[PDB]
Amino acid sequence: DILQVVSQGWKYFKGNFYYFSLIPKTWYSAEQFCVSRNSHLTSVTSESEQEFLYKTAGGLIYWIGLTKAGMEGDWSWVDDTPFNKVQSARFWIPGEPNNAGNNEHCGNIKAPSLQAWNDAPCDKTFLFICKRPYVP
């Protein structure tokens, strides 16, 4: 139900529902909140989605579903979308990911630009964005 979901504070964009939180959490506690609402921290897989997210974020920092996984620590999406390193290079802040302090294994939307993402420590608290597909 689109009207029911939206009226609980979600936004509908191109077939997906998005929740922009108002309380900050660590990355995994954010993901746990998303899981409790049949969702995950958002993936980003097109310029139009990145644009919707950074514009709605409005210059505030939000965890998204970016996290390192595997033995090599390659970036991944918690909703299990395969990570496209080539397509995603345009979406990082220049100089990121930089693994500052050798402990930045999660990702957020930080800058209000198409170049928006930064890697930050997973145990830091930020606002966060859940994403849930609409299934009619």
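Numbering starts at 1 and follows the sequence shown.
The deposited model assigns a higher average Cα B-factor to 7 to 15 than to the other stretch when 108 to 116 and 7 to 15 are compared. Here 87 to 95 and 39 to 47 are compared by their mean Cα B-factor, and 87 to 95 comes out higher.
Residues shown: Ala57, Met71, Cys34, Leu66. Highest C-alpha temperature factor in the entry: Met71. Listed residues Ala100, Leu53, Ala30, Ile61 were ranked by CA B-factor as deposited; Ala100 comes out on top.
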